[PDB]
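So you can see what is in the structure, the chains are spelled out below.
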Amino acid sequence: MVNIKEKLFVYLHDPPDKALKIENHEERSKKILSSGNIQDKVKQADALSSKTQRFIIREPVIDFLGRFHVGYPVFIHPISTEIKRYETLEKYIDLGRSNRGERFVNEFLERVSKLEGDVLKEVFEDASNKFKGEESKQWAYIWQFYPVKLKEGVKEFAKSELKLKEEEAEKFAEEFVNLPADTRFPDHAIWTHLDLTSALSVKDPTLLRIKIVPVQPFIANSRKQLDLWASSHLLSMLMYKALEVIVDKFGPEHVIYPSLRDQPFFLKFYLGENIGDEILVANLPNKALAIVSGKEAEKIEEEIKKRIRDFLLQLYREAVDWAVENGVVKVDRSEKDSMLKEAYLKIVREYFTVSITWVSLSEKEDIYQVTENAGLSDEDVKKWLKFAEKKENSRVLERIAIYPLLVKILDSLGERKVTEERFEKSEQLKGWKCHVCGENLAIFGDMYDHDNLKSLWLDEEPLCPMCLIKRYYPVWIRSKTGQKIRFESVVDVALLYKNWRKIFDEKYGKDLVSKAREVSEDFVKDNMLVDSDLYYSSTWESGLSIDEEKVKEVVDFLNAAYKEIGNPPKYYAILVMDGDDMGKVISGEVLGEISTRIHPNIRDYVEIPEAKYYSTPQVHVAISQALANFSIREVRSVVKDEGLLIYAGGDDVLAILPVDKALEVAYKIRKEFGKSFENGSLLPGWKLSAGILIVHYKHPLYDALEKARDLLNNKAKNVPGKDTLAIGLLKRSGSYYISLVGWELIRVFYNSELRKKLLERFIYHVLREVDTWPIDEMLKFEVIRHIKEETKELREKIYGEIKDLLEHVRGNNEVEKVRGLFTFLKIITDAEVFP
Ligand SMILES: [Mn+2]
Ligand SMILES: [Mn+2]
Ligand SMILES: [Mn+2]
Ligand SMILES: [Mn+2]
Ligand SMILES: [Zn+2]
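- Structure determination for this PDB entry is given in the record as X-ray crystallography, at a resolution of 3.000 Å.

Below you can see the structure in the form of structure tokens.
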């Protein structure tokens, strides 16, 4: 139901360069739109936005080209409260004003508006050319690529017409595109404001919350890395199928969370853009927030559920066909027909529960009634409401004025629904269970004895419908995107340690392949080993799936290689990260004081309640965009091809890394999640906790994921103030070493001379002594004990370093701190884990 002209008008009610001049900005919007159409609903949208405002200006103006003017405008990070100044823009504007004054102002404005109009026209043309039939895809394309093409055009304008250097031009454009929407409260960029106006320009706008469950039972129950990735990615695809409805009916700017801008799924499967291996990463969470017209709410709920069910069923059908064709199931046409029986289709149908809930944004009601019935009543909240009541002179208001609490409310309701629908879930047939998961009925399981059931399946491994879908999914992604993950096995990731696989392939690869051929022709496929574990001599020594004792020759060959280039890495690392109190960040209760959000100069001219800063919807959109930038760009940039980044949607991250790269990667992802700005774009100015679990490759994956999630949720997030890294080493021995450590310790230790000496006895004795010991003296004794002019310096320096490191260790008393620090030291200094 998308009409592109009206959408362009209501969207560009304000110009992108509103920050540049506040005076007569509607006129510039009229010029930009003049290329398209002629410049209502926007009034209602503006009023609804105005209801969220928590200020009364006591009239001051902040503007680059203004004439009472209170100075140039800056940008303030919503979470960080860090101030970002438009340096290049400021300089150029100042020099221009100095040289030609007002004439320069009008001429420059006319030029800039001419450029924005041009770019808008070109983009519109591209949209109409690429998507002739469908207006929805057109608007999606325009909304997506407009700020980009604008950035390129402004960069060209600065480089050519203004004769600026490459760096200065890039800065000029990046600062131009990321201008604020309200110079008084530069929490958010102009684009998020445009998005909100367009979203709220619809009749009876309502807030829609979507949740798809279960995440963990589906994901964490994986036996293979490929199955894990498949699970995460399939979940993300389900969320994309859900959001596709919203994008179709309304547009991408209607989705508050997650932000759809630069989303690989949105770009590839909707805008048809050609995408690389970045599509392999799962960037969409299982929770979503959108703005939808009130009349069409239920219809859209049914439509989302319908699309998800249908997609899953088609996926299952294609899966069945694939399985029958490639020999995954050795079956005849009658049985193939039986594979699609109502029971299995029903399993597929009812596995995923989708809870959609909504609340009208513009239906007036008592603020206090809403919050009290909700139970969201703090001392701060009461003041926050009182200010609104006094400002609007009305006790009852549109509930959008209580937007943050509303979201909370919605979440609550959603949660309950999740339970209810789960209670009314039909029991599953009684039968033999899937060999992969062990919780779902296997196909043919109800109809056959276990032996016969085993005979029907490849490698004697019966599959449930969901696991069959899960097995077919990588082929499906390969067909739809031309992409497959670089590392299929967990051993693939483990062997990245010190480039062991590359070095070994280069030196002894062909010989290992040939001797493998000597043992059997099954082990070698496409001149490569069919499985990576065949790189280990142990696999050949014992368990295999007889043959001549030539296998032993291979083994000795491998052992010889191990003598020459070192032993192969049998350990890998699971990195699971999550943001600290993210919900409280979004609601804004943790974020702190409201005063910091205002431009410093107008602090006196504006009246503000003595209460917490609860997030306006534009702030929510801003933060969503920040999380999208982080997950889509930064995390993937850090991991690169050093490992496998399975999932990255907003705050939470899931990746499999080699043991050497794990700590660096985790620390750098945390560092980048710390940054407030990268170029023009925003980043989360916040903190996250993580869990790193080092596991032997033979260990069952589901248990490893369990212990990793355990490390993150029960260890790292249970520390006051959080922001901790929980490192666990689970040796084949069965011994489990856990160390709780602050992020800085990684950097300090990497810088420490202690590391240099350690890499090029002590730790064991320290752990032995701590338990019985009654401490700085106790430490000093041992440091002196294990470590001629040089030695006093080295003892003093390493004791100093240990003293520094102990500070960053998560322990409540020094006994704890030493135990943790030296547990960490035990973890790194393991000859088995770090050859
Ligand atoms: Mn406006
Ligand atoms: Mn306006
Ligand atoms: Mn999270
Ligand atoms: Mn970066
Ligand atoms: Zn299964």
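Brief notes about the UniProt feature "binding site: Mn(2+) 1" in the protein chain
- Mapped onto the present numbering, the UniProt feature "binding site: Mn(2+) 1" falls on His13 and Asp14.
- In this structure, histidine 13 sits in the loop between α1 (4–11) and α2 (25–34).
- Setting aside anything within four residues of it in sequence, one finds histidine 13 in contact with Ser29, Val42, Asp46, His193 and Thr197.
- Position of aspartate 14 among the secondary structure elements: in the loop between α1 and α2.
- If we skip the residues at most four places from it in the chain, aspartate 14 touches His25, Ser29, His193 and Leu194.
- Among the polar contacts listed, one links the side chain of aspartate 14 to the side chain of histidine 25, at a separation of 3.3 Å.

Observations concerning the pairing of strand β14 (residues 644–649)
- Where β14 and strand β15 (residues 652–657) come together, 5 bridges link them in antiparallel fashion. In the sheet register, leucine 645 faces β15, and the bridge partner there is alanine 655.
- If you look at the hairpin formed by β14 and β15, you'll find 2 residues sitting between the two strands, and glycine 650 has a positive phi there, around 65°.

Describing the packing of aromatic side chains
- Between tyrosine 240 and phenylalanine 265 the ring centres are 5.9 Å apart and the planes differ by 90°, which places this aromatic pair in the edge-to-face class. With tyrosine 240 in helix α10 (residues 225–249) and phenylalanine 265 in helix α11 (residues 264–269), this pair connects stretches of sequence that are 25 residues apart.
- Taken together, a centroid distance of 5.8 Å and an interplanar angle of 80° make the contact between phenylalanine 504 and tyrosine 535 edge-to-face. Separated by 31 residues along the polypeptide, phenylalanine 504 in helix α21 (residues 500–519) and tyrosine 535 in the loop between β11 (528–529) and α22 (537–541) bring together distant segments of the chain.
- Here the basic side chain of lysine 687 rests over the ring of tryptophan 686, its NZ or CZ set 5.1 Å away from the ring centre.
- The positively charged end of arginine 755 is found above the aromatic ring belonging to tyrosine 750, 4.9 Å away from the centroid.

Thoughts on the UniProt feature "binding site: Mn(2+) 4" in the protein chain
- UniProt marks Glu634, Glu672 and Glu678 with the feature "binding site: Mn(2+) 4", using the numbering shown here. A maximum C-alpha distance of 9.5 Å among these annotated residues, which run over 45 residues, shows that they cluster at one spot.
- Mapped onto the secondary structure, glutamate 672 falls in helix α26 (residues 662–674).
- With near-sequence residues (within four places) excluded, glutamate 672 lies in contact with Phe630, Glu634, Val638, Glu678 and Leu683.
- Mapped onto the elements, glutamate 678 comes out in strand β16 (residues 677–678).
- Each residue touching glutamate 678, except ones within four places of it in the same chain, is listed here: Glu634, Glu672 and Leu683.

Quick word on the pattern of salt bridges
- Residues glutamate 278 and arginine 636 are paired through a salt bridge, measuring 3.9 Å at the closest nitrogen-oxygen approach.
- Residues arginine 471 and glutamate 461 are paired through a salt bridge, measuring 3.9 Å at the closest nitrogen-oxygen approach. Remark: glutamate 461 occurs in the loop between α18 (450–456) and α19 (465–481) and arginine 471 occurs in helix α19; sequence separation between them is 10 residues.
- Several salt bridges converge on common partners, so that one network encompasses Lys241, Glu244, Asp248, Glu303 and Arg307.

Reading guide: rules and limits
- Residues numbered from 1 in each chain as written, not as in the entry; some residues may be left out.
- Chains lettered and ligands numbered in written order.
- Heavy atoms only, no water.
- Residues with missing side-chain atoms left out of burial classes, pairs and counts.
- UniProt positions renumbered as here; feature names shortened; annotations may be inferred.
- Helix = DSSP H or I, 4+ residues; strand = E, 2+ residues; numbered from the N terminus.
- Contact = heavy atoms within 4.5 Å.
- Polar contact = N/O pair within 3.5 Å; in protein donor to acceptor, adjacent residues only side chain to side chain.
- Pairing = 2+ DSSP bridges.
- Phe/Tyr/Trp six-rings, centres within 6.5 Å; stacked < 30°, edge-to-face > 60°.
- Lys NZ or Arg CZ within 6 Å of the ring centre and 35° of its normal.
- Salt bridge = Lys/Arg side-chain N within 4 Å of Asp/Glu carboxyl O.

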